[PDB]
Structure formats: C-alpha cells, structure tokens
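Report on the following structure.
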Amino acid sequence: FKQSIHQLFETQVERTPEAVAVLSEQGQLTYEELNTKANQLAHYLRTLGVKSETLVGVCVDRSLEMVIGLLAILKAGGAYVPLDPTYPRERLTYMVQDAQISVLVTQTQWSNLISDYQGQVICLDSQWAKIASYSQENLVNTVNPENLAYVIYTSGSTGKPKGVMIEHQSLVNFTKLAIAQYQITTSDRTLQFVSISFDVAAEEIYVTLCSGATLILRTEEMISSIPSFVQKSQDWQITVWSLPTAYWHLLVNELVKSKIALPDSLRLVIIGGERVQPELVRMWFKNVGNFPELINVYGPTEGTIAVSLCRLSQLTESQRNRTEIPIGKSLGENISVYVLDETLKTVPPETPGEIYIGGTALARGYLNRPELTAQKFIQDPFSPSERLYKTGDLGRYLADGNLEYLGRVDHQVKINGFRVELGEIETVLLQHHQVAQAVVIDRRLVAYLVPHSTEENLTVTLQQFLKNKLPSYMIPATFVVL
Ligand SMILES: [N][C]([C][C][C][N]C([N])=[N+])C(=O)O=P([O])([O])O[C][C]1O[C](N2[C]=NC3=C2N=[C]N=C3[N])[C]([O])[C]1[O]
Numbered sequence: 002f003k004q005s006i007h008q009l010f011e012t013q014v015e016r017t018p019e020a021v022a023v024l025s026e027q028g029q030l031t032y033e034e035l036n037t038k039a040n041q042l043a044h045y046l047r048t049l050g051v052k053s054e055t056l057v058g059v060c061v062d063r064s065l066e067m068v069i070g071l072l073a074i075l076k077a078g079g080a081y082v083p084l085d086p087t088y089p090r091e092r093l094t095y096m097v098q099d100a101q102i103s104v105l106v107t108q109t110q111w112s113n114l115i116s117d118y119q120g121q122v123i124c125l126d127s128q129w130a131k132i133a134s135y136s137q138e139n140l141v142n143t144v145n146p147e148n149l150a151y152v153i154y155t156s157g158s159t160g161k162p163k164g165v166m167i168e169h170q171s172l173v174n175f176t177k178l179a180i181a182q183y184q185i186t187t188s189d190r191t192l193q194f195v196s197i198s199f200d201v202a203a204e205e206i207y208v209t210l211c212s213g214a215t216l217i218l219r220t221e222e223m224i225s226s227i228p229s230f231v232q233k234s235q236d237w238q239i240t241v242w243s244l245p246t247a248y249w250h251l252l253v254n255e256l257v258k259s260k261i262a263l264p265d266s267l268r269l270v271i272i273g274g275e276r277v278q279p280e281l282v283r284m285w286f287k288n289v290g291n292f293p294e295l296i297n298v299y300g301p302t303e304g305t306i307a308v309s310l311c312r313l314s315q316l317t318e319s320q321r322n323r324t325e326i327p328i329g330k331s332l333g334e335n336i337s338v339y340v341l342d343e344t345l346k347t348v349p350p351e352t353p354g355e356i357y358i359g360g361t362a363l364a365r366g367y368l369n370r371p372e373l374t375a376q377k378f379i380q381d382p383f384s385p386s387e388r389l390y391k392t393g394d395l396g397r398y399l400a401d402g403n404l405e406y407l408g409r410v411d412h413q414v415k416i417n418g419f420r421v422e423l424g425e426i427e428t429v430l431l432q433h434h435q436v437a438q439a440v441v442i443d444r452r453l454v455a456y457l458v459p460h461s462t463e464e465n466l467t468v469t470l471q472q473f474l475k476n477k478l479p480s481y482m483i484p485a486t487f488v489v490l
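Residue numbers 2 to 444, 452 to 490, in the entry's author numbering, belong to the letters of the sequence shown in order.
Put into structure tokens, the structure is as follows:
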C-alpha cells in the first residue's frame, strides 16, 4: 500500500472534515479548511515548477501558515527545507545555494533574509488572495514513496551543515508506528513545541494531523516561564506534551520547587533528544507518580525522528535506580536498532558496542556529501540488499531487552537541546584572522585558542564573528587563550 504523508493526512480529512486541526492563540483551522488551503497553495506551487524531488525552502514562523505551507509543499510533490529565521543570513543563504532552492515559501517579515536570491518567492501573509484563486481539490499522483518529503540540515563537523534527506516512505512508516505507540486519538490535543529546524516538529505535526487529533501551536512567551507553560497548557486542555529532554529537566526542577500541579488534561509526556538524568526521573516519580505516562524516545535525524522508546512509567523501581535510564526497544518490527561490534556482528546481551540502525527508518543519505554518506550509511555485509546507519552512539542491550545509551564515540554534543558538532565551531573560529589554532569543548561550550594577536575584547569580537555565521547555541559563552 504505497502512501505519501499527505495522502495519510488526506484520508483523515475525509473521515473528520469538521474537526479542528490546528489552533493557535490567533485562530484555527478545521481539517477541511487546512486541506483546502494546502491544496490551493500546492496548485500554485505546481505552476512554479514544484514537482517530485524539487526542494522548497520554508522560512516561516510558527503559525497556521506554517502548517499550510508544509502540507502544500508535500502535496505539490516537493520536499521542504526548513530555513530557520533565527539563523544568520550567511547560513541560510549557504543552505539555499547548497540545496539549489529556486522556490521559497515565506512571509513578508522574513524579506531579505536570503542574500542575492533570484528564485521564486511566495509570501503567504500578503499573497493569500492570489493563492485563493487556485484549485481546492486534492492533487493526484505527484509522488511515489521513495521520493523526498523533507531535507533537514544538521551540524557538520567539516565546517558547514548538511541536509539529511528523508523520503515519504520512512516518514509514513514512522508516523503510523508512532500513532499506534502513543495511542493518539481524535480526542488528543498535542502541543507543537519545537522549531521545524528539528525533525521532532514532524512527529508533533504529522502524528497529530494523521490521527485526527488537534495540533496546538505554542508561543515564544509561554516557554520562558514554566508556571506559564503549565497554565497555558491547562487553559488549552493539552493532553500530550512533546518536550526536549533539557526542557523537561527544567520543568521537573520547577514542578517540585514550586509545587505546581500538572494540567488536569495531560495524559502523556514524550521526551527525548538527550541523556535523561536519573535523579530527575526519580524526582518525577516521587512527586508526580505514574500519570501522566512518561516516554523516553531515541533516534537520530538519519533514522527518521525516532527508532526506539522506553515507557519510563512502566519501569520497575529498580529498573529506574540504575545510573542510566533506558532508551528501550524498537518502534516497530521494520526498524532494527542493533548494538554491533567493530566488524558489524551482534554481541551478547550486556555487551557494549556501537548503535547501528537498519530497515525502514533510514534516510536516503546526506545531500551533496557523497564521502560523508558513504561513511555513515553502509551496506550491511550480513544482509547485502540493506544498509545500516552508523549512529556514533555507544550502547548495550540489557538482559531484559532494553537498550541503554552509553554516550558518544566522537565530538557531537547536545547544547540547550540542539545537535552540535564541536568541529563545526572549531573550523569556523579557525577562519578568523586572529585565531591560529582552536579546540571547543563541552561542558557549556568552551573555546580554547592560540591567537595570532591577543586583544582584551577578543571574546566579544569572536562572538560577534560567530553570530553572523552560526546559530546562537553554537556560540561559546567562554574563551581561553594559550
Ligand atoms: N531525532 C531527535 C530525537 C527524537 C526524540 N524525541 C521524539 N521523537 N519525541 C534527535 O535528537 O535527533 P538529532 O538532533 O539527530 O540528534 C540525535 C542524537 O541525539 C541523541 N539522542 C536522541 N534522543 C536521545 C539521545 N540521547 C539519549 N537519549 C535520548 N532519548 C543521540 O546522541 C542521537 O544520535
């Protein structure tokens, strides 16, 4: 049964046309309205030349428009490329050129974020009368499952990011497994938290819309105060939270310090993205108990959002008193999460090795990085029609079947919840004329450098320099000269 992600959505619209699909603090859309609007934009896009394998930039803010935008790109047959408005011009323009994007879905407020852009631009906030003249009907046969759905950039240790190419087929697999794992229903109300720069936004968006649940888009202001984040979730009657682990750690700390009650509607908290602190897990069970359910999800971007999860609420007392909390078991039978030795053989239970992913979860590869692709996406010697992705994560399967994350073999870290290659920051710092050698380490970020010429305002100079090349979370808050 060949299916694209938008087809899955379109099936749901047919079942529940009048259900509310998306709610923001400023307005809402029914499944019908969302679908009709995404179709009008997709038709327009098709006339701009968007077709299977066409990459389309999306530089939008979190809004009803953003959701129409994504789905319209998908419906037209194109793959979107998130272009985070908070990133600096130079980074965004590099992405646009690397991806060869000639169609950009954006808004007027993001004018002039790309340098020297000669492609087609659509501004969803000011061109809606035009888009409304296009057909409201579903498009047919614009893609096959092996065509791209999105290309999402991640940090690159050689000094520029690179695009992880995701096909409809793996995203559709993921989405259908996750709906069944989380038990999402038409009664759920799921908070959309993370930027579309993070593949987890796809979990939040497509899990919700392809099951008939309501997607509630957050604001910037609601996250900066945990009290506010909780109260707004109560007011909205949110049933499902999807939180970056570093955020949930903050939330656990404040829940207990301030004895805040959780929203009465909340049934499920999904965390992931970095190593969960066992001490805060213990504190959650002590103060909150087994409801809402708490799930730890693991996966790299290259494995399409998540490959394994662990229901923490279902662990025993002693499974939770280890020094590591598990990342659990595969999301489904067509996804393999192996712990392999240095020759790609499985190992006895409780033996540590490197995590390799196989099966349906795999990305196609990295966009325009054939060396890097060959190095990470490897033909399986024991199964030559298939590939494995080399995660760079160490782990071991415990005797109970649960996987444990045991850290990294390399210099990728998570800072403030974001995937960062230290090498990327090193490489860029080395470009600066006053830097001769440089090493950056965690932990937060600390840059160590041998100057050509020292200067007492070098810290502020180097942060200025980085600010116009890297996202803010890659900017070290401290420098050391040797
Ligand atoms: N994809 C994502 C994840 C997801 C989860 N959550 C949900 N699903 N809800 C991510 O994160 O991706 P990236 O950015 O690529 O990165 C990856 C990395 O990180 C880490 N992790 C994840 N998750 C986790 C971790 N650790 C620990 N624990 C957990 N849970 C690793 O390193 C990977 O590779």
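Note that CB positions come from ideal geometry on N, CA and C, so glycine has one too.
Whole-number beta carbon distance between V104 and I115, since they are thought to touch under 8 Å: One-based indexing of the sequence shown puts residue 115 at position 114. One-based indexing of the sequence shown puts residue 104 at position 103. That belief does not hold up - the Cβ atoms of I115 and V104 are roughly 12 Å apart, past 8 Å.
Per-residue DSSP class, three states only, for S134: To locate residue 134, count along the sequence shown from 1; it is residue 133. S134 falls in the coil class under three-state DSSP.
Helix, strand or coil at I74 [DSSP, three-state]: As a working mapping, residue 74 is identified with position 73 in the sequence shown. In this structure, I74 counts as helix in the three-state DSSP scheme.
Distance cut-off 7 Å: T187 Cβ against heavy atoms of ligand 1: By 1-based counting over the sequence shown, the position of residue 187 is 186. For ligand 1, not one heavy atom lies less than 7 Å from the Cβ of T187.
Beta-carbon proximity of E294 to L256, cut-off 8 Å: Position 293 of the sequence shown, counted from the first residue, corresponds to residue 294. Position 255 of the sequence shown, counted from the first residue, corresponds to residue 256. In this structure, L256 does not lie closer than 8 Å to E294 by Cβ.
Sequence ranges, alpha helix (DSSP H) only - wholly within the stretch 80–125, length at least 4: 90–99
Nearest candidate by alpha-carbon position, reference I239, set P264, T220, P245 and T246: Sequence index remark: in the sequence shown, residue 239 carries index 238 (1-based). The candidate whose alpha carbon is nearest that of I239 is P264.
Residue ranges of each beta strand (DSSP E) within the stretch 404–431, 3 or longer: 404–409, 413–416 and 419–422
CB contact flag (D401, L389, <8 Å): For the purposes of this step, residue 401 is identified with residue 400 of the sequence shown, where counting begins at 1. For the purposes of this step, residue 389 is identified with residue 388 of the sequence shown, where counting begins at 1. No; because the gap between Cβ atoms is not below 8 Å, this pair is not in contact.
Cβ-heavy atom distance, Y299 to ligand 2, below 7 Å: Summarising the ligand content, the structure contains ligand 1 and does not contain ligand 2.
Spatial neighbours of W237 in its chain, beta-carbon cut-off 7 Å, leaving aside the 5 residues before and after: Indexing the sequence shown from 1 puts residue 237 at position 236. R190 and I217, listed in sequence order.
Opening and closing residue of the alpha helix (DSSP H) in which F473 lies: Position 465 of the sequence shown, counted from the first residue, corresponds to residue 473. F473 -> alpha helix (DSSP H) spans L466 to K475.
Environment of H250 [buried if 16+ CB atoms lie within 10 Å]: On the sequence shown, position 249 is the one that residue 250 refers to. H250 should be labelled buried.
From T392, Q27 and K38, residue whose alpha carbon lies closest to that of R63: Position 62 of the sequence shown, counted from the start, is the residue given in the question as residue 63. Measuring from the Cα of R63, the nearest candidate turns out to be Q27.
Near ligand 1: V410 beta-carbon under 7 Å from a heavy atom: As a working mapping, residue 410 is identified with position 409 in the sequence shown. Answer for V410: no, Cβ out of range of ligand 1.
Stretch pair the stretch 349–357 + the stretch 152–166: three plus CB contacts closer than 8 Å: no
At least three beta-carbon pairs within less than 8 Å, the stretch 131–147 to the stretch 86–102: no
Where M223 sits in the DSSP three-state scheme: Within the sequence shown, residue 223 is the residue found at index 222, counting from 1. Three-state result, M223: coil.
heavy atom of ligand 1 below 7 Å from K415 C-beta: Taking the first residue of the sequence shown as 1, we reach residue 415 at position 414. Yes, Cβ of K415 sits closer than 7 Å to a heavy atom of ligand 1.
Limits of the beta strand (DSSP E) - the one that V141 falls within: Along the sequence shown, read from residue 1 onward, the residue named residue 141 stands at position 140. Neither: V141 is in no beta strand (DSSP E) and is coded neither H nor E.
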